[PDB]
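**Q** mmCIF, C-alpha atoms and all ligand atoms, file coords.cif:
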```
data_my_file
#
loop_
_atom_site.group_PDB
_atom_site.id
_atom_site.type_symbol
_atom_site.label_atom_id
_atom_site.label_comp_id
_atom_site.auth_asym_id
_atom_site.auth_seq_id
_atom_site.Cartn_x
_atom_site.Cartn_y
_atom_site.Cartn_z
ATOM 1 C CA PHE Y 1 9.162 9.957 -9.119
ATOM 2 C CA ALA Y 2 10.189 12.187 -6.228
ATOM 3 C CA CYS Y 3 8.788 13.661 -3.019
ATOM 4 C CA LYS Y 4 9.058 16.763 -0.866
ATOM 5 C CA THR Y 5 7.915 18.030 2.515
ATOM 6 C CA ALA Y 6 5.741 21.074 3.209
ATOM 7 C CA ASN Y 7 8.851 23.219 3.813
ATOM 8 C CA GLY Y 8 10.481 22.088 0.561
ATOM 9 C CA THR Y 9 12.844 19.358 1.766
ATOM 10 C CA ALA Y 10 13.022 16.936 -1.154
ATOM 11 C CA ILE Y 11 13.943 13.303 -1.672
ATOM 12 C CA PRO Y 12 14.974 12.906 -5.321
ATOM 13 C CA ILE Y 13 14.548 10.191 -7.934
ATOM 14 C CA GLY Y 14 15.930 6.935 -6.520
ATOM 15 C CA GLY Y 15 14.820 7.558 -2.954
ATOM 16 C CA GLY Y 16 16.607 8.532 0.226
ATOM 17 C CA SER Y 17 15.514 9.964 3.555
ATOM 18 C CA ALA Y 18 14.161 13.188 5.032
ATOM 19 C CA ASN Y 19 13.033 14.570 8.374
ATOM 20 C CA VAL Y 20 9.482 15.775 8.955
ATOM 21 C CA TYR Y 21 8.730 18.073 11.882
ATOM 22 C CA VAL Y 22 5.101 18.085 12.979
ATOM 23 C CA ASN Y 23 3.014 20.151 15.359
ATOM 24 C CA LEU Y 24 0.967 17.993 17.731
ATOM 25 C CA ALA Y 25 -2.162 18.632 19.783
ATOM 26 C CA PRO Y 26 -0.685 19.708 23.143
ATOM 27 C CA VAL Y 27 -3.332 17.971 25.261
ATOM 28 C CA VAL Y 28 -4.818 14.568 24.495
ATOM 29 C CA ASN Y 29 -7.120 12.773 26.905
ATOM 30 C CA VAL Y 30 -7.417 9.038 27.309
ATOM 31 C CA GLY Y 31 -10.279 8.158 24.967
ATOM 32 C CA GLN Y 32 -9.259 10.770 22.364
ATOM 33 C CA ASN Y 33 -7.151 10.491 19.204
ATOM 34 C CA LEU Y 34 -3.943 12.359 18.539
ATOM 35 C CA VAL Y 35 -3.987 12.738 14.756
ATOM 36 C CA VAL Y 36 -0.771 13.144 12.785
ATOM 37 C CA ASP Y 37 -1.864 13.953 9.237
ATOM 38 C CA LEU Y 38 1.144 13.493 6.959
ATOM 39 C CA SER Y 39 -1.030 14.110 3.893
ATOM 40 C CA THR Y 40 -0.480 17.809 4.659
ATOM 41 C CA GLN Y 41 3.274 17.280 5.045
ATOM 42 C CA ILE Y 42 4.442 14.913 2.298
ATOM 43 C CA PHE Y 43 3.805 15.345 -1.429
ATOM 44 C CA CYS Y 44 4.918 13.274 -4.416
ATOM 45 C CA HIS Y 45 4.645 13.248 -8.192
ATOM 46 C CA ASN Y 46 5.295 11.168 -11.307
ATOM 47 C CA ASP Y 47 8.065 12.525 -13.576
ATOM 48 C CA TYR Y 48 6.951 10.756 -16.771
ATOM 49 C CA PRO Y 49 3.170 10.157 -16.633
ATOM 50 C CA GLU Y 50 3.073 10.187 -20.438
ATOM 51 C CA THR Y 51 4.539 6.678 -20.383
ATOM 52 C CA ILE Y 52 4.948 5.471 -16.789
ATOM 53 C CA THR Y 53 2.600 4.622 -13.940
ATOM 54 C CA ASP Y 54 4.123 4.816 -10.448
ATOM 55 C CA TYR Y 55 2.993 2.553 -7.608
ATOM 56 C CA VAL Y 56 3.339 3.680 -4.005
ATOM 57 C CA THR Y 57 2.850 1.823 -0.722
ATOM 58 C CA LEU Y 58 3.449 2.351 2.942
ATOM 59 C CA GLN Y 59 5.910 -0.527 3.120
ATOM 60 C CA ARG Y 60 6.023 -0.208 6.876
ATOM 61 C CA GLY Y 61 5.646 2.266 9.708
ATOM 62 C CA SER Y 62 7.389 2.074 13.069
ATOM 63 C CA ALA Y 63 6.685 3.925 16.313
ATOM 64 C CA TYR Y 64 9.337 5.330 18.639
ATOM 65 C CA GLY Y 65 9.753 7.090 21.959
ATOM 66 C CA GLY Y 66 6.536 8.274 23.542
ATOM 67 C CA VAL Y 67 4.319 7.025 20.732
ATOM 68 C CA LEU Y 68 5.610 3.475 21.185
ATOM 69 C CA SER Y 69 5.374 3.612 24.992
ATOM 70 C CA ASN Y 70 2.208 5.630 25.582
ATOM 71 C CA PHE Y 71 -0.111 5.250 22.577
ATOM 72 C CA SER Y 72 -2.157 2.642 20.738
ATOM 73 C CA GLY Y 73 -1.863 3.246 17.025
ATOM 74 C CA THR Y 74 -3.755 3.050 13.774
ATOM 75 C CA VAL Y 75 -2.530 4.228 10.367
ATOM 76 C CA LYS Y 76 -4.933 5.290 7.631
ATOM 77 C CA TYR Y 77 -3.586 4.842 4.100
ATOM 78 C CA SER Y 78 -5.762 6.213 1.313
ATOM 79 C CA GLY Y 79 -8.904 5.724 3.402
ATOM 80 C CA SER Y 80 -8.238 2.246 4.834
ATOM 81 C CA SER Y 81 -7.139 1.587 8.415
ATOM 82 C CA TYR Y 82 -4.355 -0.714 9.614
ATOM 83 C CA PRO Y 83 -2.446 -1.367 12.847
ATOM 84 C CA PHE Y 84 0.430 1.015 13.595
ATOM 85 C CA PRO Y 85 3.231 -0.089 14.064
ATOM 86 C CA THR Y 86 2.452 -1.923 10.844
ATOM 87 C CA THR Y 87 2.155 -5.666 10.241
ATOM 88 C CA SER Y 88 1.999 -5.686 6.439
ATOM 89 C CA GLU Y 89 2.720 -3.593 3.373
ATOM 90 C CA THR Y 90 -0.311 -1.611 2.230
ATOM 91 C CA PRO Y 91 -2.026 -1.775 -1.142
ATOM 92 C CA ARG Y 92 -0.560 0.486 -3.817
ATOM 93 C CA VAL Y 93 -1.616 4.039 -4.549
ATOM 94 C CA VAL Y 94 -1.165 5.101 -8.158
ATOM 95 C CA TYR Y 95 0.769 8.238 -9.014
ATOM 96 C CA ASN Y 96 -0.040 9.141 -12.603
ATOM 97 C CA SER Y 97 0.458 12.911 -12.671
ATOM 98 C CA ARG Y 98 3.293 15.427 -12.674
ATOM 99 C CA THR Y 99 1.150 17.584 -10.383
ATOM 100 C CA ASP Y 100 2.057 17.122 -6.716
ATOM 101 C CA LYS Y 101 -0.304 14.811 -4.879
ATOM 102 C CA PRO Y 102 -0.336 14.219 -1.115
ATOM 103 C CA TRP Y 103 0.974 10.971 0.291
ATOM 104 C CA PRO Y 104 -2.308 9.869 1.887
ATOM 105 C CA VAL Y 105 -1.025 8.791 5.308
ATOM 106 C CA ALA Y 106 -2.449 9.716 8.702
ATOM 107 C CA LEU Y 107 -1.630 8.338 12.140
ATOM 108 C CA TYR Y 108 -4.371 7.941 14.739
ATOM 109 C CA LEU Y 109 -2.835 7.596 18.181
ATOM 110 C CA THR Y 110 -4.874 7.124 21.357
ATOM 111 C CA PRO Y 111 -3.315 7.037 24.838
ATOM 112 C CA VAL Y 112 -2.935 3.674 26.554
ATOM 113 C CA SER Y 113 -4.444 3.417 30.034
ATOM 114 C CA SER Y 114 -1.012 3.685 31.673
ATOM 115 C CA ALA Y 115 -0.298 6.993 29.919
ATOM 116 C CA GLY Y 116 -0.153 10.215 31.913
ATOM 117 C CA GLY Y 117 1.865 13.416 31.943
ATOM 118 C CA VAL Y 118 4.277 14.243 29.148
ATOM 119 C CA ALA Y 119 3.524 11.334 26.820
ATOM 120 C CA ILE Y 120 5.510 12.701 23.869
ATOM 121 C CA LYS Y 121 8.603 14.877 24.301
ATOM 122 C CA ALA Y 122 9.315 17.877 22.089
ATOM 123 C CA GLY Y 123 12.069 17.089 19.592
ATOM 124 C CA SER Y 124 11.748 13.311 19.912
ATOM 125 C CA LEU Y 125 11.486 10.850 17.042
ATOM 126 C CA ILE Y 126 7.913 9.519 17.065
ATOM 127 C CA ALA Y 127 7.754 7.506 13.838
ATOM 128 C CA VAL Y 128 9.584 6.262 10.772
ATOM 129 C CA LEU Y 129 7.468 5.726 7.661
ATOM 130 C CA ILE Y 130 8.799 3.898 4.619
ATOM 131 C CA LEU Y 131 7.311 4.878 1.283
ATOM 132 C CA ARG Y 132 8.050 2.237 -1.353
ATOM 133 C CA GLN Y 133 7.887 3.229 -5.016
ATOM 134 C CA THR Y 134 7.780 0.934 -8.031
ATOM 135 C CA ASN Y 135 6.414 1.321 -11.561
ATOM 136 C CA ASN Y 136 5.098 -0.463 -14.666
ATOM 137 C CA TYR Y 137 8.152 0.466 -16.712
ATOM 138 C CA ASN Y 138 11.333 -1.049 -15.283
ATOM 139 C CA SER Y 139 12.763 -2.759 -12.184
ATOM 140 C CA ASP Y 140 12.953 0.411 -10.069
ATOM 141 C CA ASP Y 141 12.180 -0.350 -6.418
ATOM 142 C CA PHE Y 142 12.977 2.657 -4.244
ATOM 143 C CA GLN Y 143 12.508 3.594 -0.597
ATOM 144 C CA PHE Y 144 11.679 7.090 0.589
ATOM 145 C CA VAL Y 145 12.230 7.128 4.344
ATOM 146 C CA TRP Y 146 10.393 9.725 6.410
ATOM 147 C CA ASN Y 147 11.631 10.369 9.937
ATOM 148 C CA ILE Y 148 8.853 12.050 11.913
ATOM 149 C CA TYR Y 149 9.744 14.331 14.833
ATOM 150 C CA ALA Y 150 7.535 16.072 17.394
ATOM 151 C CA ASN Y 151 7.705 19.877 17.474
ATOM 152 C CA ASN Y 152 6.201 20.055 20.958
ATOM 153 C CA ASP Y 153 5.278 18.147 24.105
ATOM 154 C CA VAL Y 154 2.016 16.217 24.246
ATOM 155 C CA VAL Y 155 0.380 15.994 27.675
ATOM 156 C CA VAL Y 156 -2.079 13.293 28.682
ATOM 157 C CA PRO Y 157 -4.112 14.614 31.637
ATOM 158 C CA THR Y 158 -4.223 12.459 34.780
HETATM 159 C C1 LIG L 201 13.048 8.171 -22.617
HETATM 160 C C2 LIG L 201 13.091 7.421 -21.304
HETATM 161 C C3 LIG L 201 12.719 8.342 -20.162
HETATM 162 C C4 LIG L 201 12.750 7.551 -18.873
HETATM 163 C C5 LIG L 201 12.353 8.419 -17.697
HETATM 164 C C6 LIG L 201 12.610 7.643 -16.423
HETATM 165 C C7 LIG L 201 12.445 8.530 -15.206
HETATM 166 O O1 LIG L 201 12.398 7.694 -14.069
HETATM 167 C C8 LIG L 201 11.988 8.321 -12.863
HETATM 168 O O2 LIG L 201 10.649 8.672 -12.941
HETATM 169 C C9 LIG L 201 9.736 7.637 -13.183
HETATM 170 C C10 LIG L 201 8.330 8.194 -13.271
HETATM 171 O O3 LIG L 201 8.003 8.884 -12.086
HETATM 172 C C11 LIG L 201 9.821 6.618 -12.062
HETATM 173 O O4 LIG L 201 8.997 5.529 -12.358
HETATM 174 C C12 LIG L 201 11.269 6.145 -11.920
HETATM 175 O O5 LIG L 201 11.380 5.290 -10.816
HETATM 176 C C13 LIG L 201 12.184 7.343 -11.730
HETATM 177 O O6 LIG L 201 11.888 7.995 -10.521
#
```
Now, as a test, write the supplied structure out as structure tokens.
**A**
Amino acid sequence: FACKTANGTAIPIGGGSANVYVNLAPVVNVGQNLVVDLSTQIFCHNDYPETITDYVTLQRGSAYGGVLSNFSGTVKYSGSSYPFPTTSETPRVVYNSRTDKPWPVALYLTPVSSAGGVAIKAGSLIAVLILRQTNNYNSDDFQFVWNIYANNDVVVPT
């Protein structure tokens, strides 16, 4: 089991960490969602689907910088919605193919009432997402840590 980003940055068998740089909607009004769709950014696969089933969770997700200060968060994992920053490990998604499959994570971030102006700064860390991988084969229990950075400012009109 291993993962890679849209630009080809890989985390190999056994886990590790990688940076993900995302473009963000430049203007987000109070009442609207800023959507960070990581399912277009992070892809994983099973290296031995003939014999092994891989299990994958969002073990936890943390918010940083402007997202922590200025937004109210929800994370969607494989179609189900949870608080973000997270309060529990998600159910498992099965990886049973050698063909790359998206990691089905999306953040839905809406401005808090106090938000206004540059609510997320270009280049800032906005989230850390921990992908936890196990299997039905051995005792492997690996973390793939995704550090999410903003490519641009996000402005909340006042
Ligand atoms: C003849 C024995 C072959 C043994 C292949 C084990 C390969 O293990 C890797 O790939 C497995 C399948 O993706 C993962 O479950 C495991 O954690 C690791 O990433």
**Q** Please check which protein, DNA or RNA residues sit within 6 Å of ligand LIG 201 (chain L), counting only C-alpha atoms and all ligand atoms, and write them as a list in words.
**A**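 Written in the requested form, the residues are residues 1, 13, 14, 46, 47, 48, 52, 54, 135 and 140 of chain Y.
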**Q** Expand the PyMOL selection byres (((chain Y and resi 69-86) around 9) and not hetatm) into the explicit residue set it covers here, and present it as number ranges by chain.
**A** Y: 57-68, 87-91, 93, 103-116, 119-120, 127
**Q** In Å, with one decimal, what is the gap from atom CA of residue 42 of chain Y to atom CA of residue 134 of chain Y?
**A**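 Interatomic distance, atom CA of residue 42 of chain Y to atom CA of residue 134 of chain Y: 17.7 Å.
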**Q** Using only C-alpha atoms, can you tell me which of Y:31, Y:117, Y:157, Y:102 comes closest to residue 3 of chain Y?
**A** Y:102
**Q** Which residue is closest to residue 145 of chain Y? Choose from Y:25, Y:94, Y:125, Y:20 and count only C-alpha atoms.
**A**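 Closest to residue 145 of chain Y of all the choices is Y:20.
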**Q** Work out how far atom CA of residue 45 of chain Y is from atom CA of residue 5 of chain Y, in Å to one decimal.
**A** 12.2 Å
**Q** In Å, with one decimal, what is the gap from atom CA of residue 37 of chain Y to atom CA of residue 2 of chain Y?
**A** 19.7 Å
**Q** I'd like the residues picked by the PyMOL selection byres (((chain Y and resi 153) around 9) and not hetatm) written out as a ChimeraX atom specification, using the chain letters and numbers from the file.
**A** /Y:24-27,118-123,150-152,154-155
**Q** To box segment 61-77 of chain Y, take all atoms listed in the file, fit an axis-aligned box, add 3 Å on each side, and give centre and edge lengths in Å to one decimal, as lines of an AutoDock Vina configuration file.
**A**
```
center_x = 2.4
center_y = 5.2
center_z = 14.8
size_x = 20.7
size_y = 12.2
size_z = 27.5
```
**Q** Since the input is missing atoms for segment 67-78 of chain Y, could you rebuild it with N, CA and C atoms and give the result as a PDB file, in the frame of the given file?
**A**
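Now in part.pdb:
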```
ATOM      1  N   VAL Y  67       5.410   7.622  21.488  1.00  0.00           N
ATOM      2  CA  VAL Y  67       4.319   7.025  20.732  1.00  0.00           C
ATOM      3  C   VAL Y  67       4.326   5.517  20.951  1.00  0.00           C
ATOM      4  N   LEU Y  68       5.509   4.912  20.952  1.00  0.00           N
ATOM      5  CA  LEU Y  68       5.610   3.475  21.185  1.00  0.00           C
ATOM      6  C   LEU Y  68       5.178   3.114  22.608  1.00  0.00           C
ATOM      7  N   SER Y  69       5.609   3.916  23.581  1.00  0.00           N
ATOM      8  CA  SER Y  69       5.374   3.612  24.992  1.00  0.00           C
ATOM      9  C   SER Y  69       3.970   3.954  25.484  1.00  0.00           C
ATOM     10  N   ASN Y  70       3.393   5.036  24.966  1.00  0.00           N
ATOM     11  CA  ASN Y  70       2.208   5.630  25.582  1.00  0.00           C
ATOM     12  C   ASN Y  70       0.945   5.652  24.726  1.00  0.00           C
ATOM     13  N   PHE Y  71       1.029   5.179  23.486  1.00  0.00           N
ATOM     14  CA  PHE Y  71      -0.111   5.250  22.577  1.00  0.00           C
ATOM     15  C   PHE Y  71      -0.411   3.926  21.895  1.00  0.00           C
ATOM     16  N   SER Y  72      -1.679   3.768  21.527  1.00  0.00           N
ATOM     17  CA  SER Y  72      -2.157   2.642  20.738  1.00  0.00           C
ATOM     18  C   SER Y  72      -2.513   3.186  19.364  1.00  0.00           C
ATOM     19  N   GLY Y  73      -1.897   2.618  18.330  1.00  0.00           N
ATOM     20  CA  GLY Y  73      -1.863   3.246  17.025  1.00  0.00           C
ATOM     21  C   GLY Y  73      -2.633   2.580  15.902  1.00  0.00           C
ATOM     22  N   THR Y  74      -3.125   3.440  15.019  1.00  0.00           N
ATOM     23  CA  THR Y  74      -3.755   3.050  13.774  1.00  0.00           C
ATOM     24  C   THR Y  74      -3.189   3.955  12.684  1.00  0.00           C
ATOM     25  N   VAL Y  75      -2.915   3.402  11.507  1.00  0.00           N
ATOM     26  CA  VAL Y  75      -2.530   4.228  10.367  1.00  0.00           C
ATOM     27  C   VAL Y  75      -3.605   4.102   9.296  1.00  0.00           C
ATOM     28  N   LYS Y  76      -4.016   5.247   8.762  1.00  0.00           N
ATOM     29  CA  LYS Y  76      -4.933   5.290   7.631  1.00  0.00           C
ATOM     30  C   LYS Y  76      -4.122   5.543   6.374  1.00  0.00           C
ATOM     31  N   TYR Y  77      -4.262   4.667   5.381  1.00  0.00           N
ATOM     32  CA  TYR Y  77      -3.586   4.842   4.100  1.00  0.00           C
ATOM     33  C   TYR Y  77      -4.639   4.864   3.012  1.00  0.00           C
ATOM     34  N   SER Y  78      -4.762   6.013   2.358  1.00  0.00           N
ATOM     35  CA  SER Y  78      -5.762   6.213   1.313  1.00  0.00           C
ATOM     36  C   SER Y  78      -7.143   5.693   1.719  1.00  0.00           C
TER      37      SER Y  78
END
```
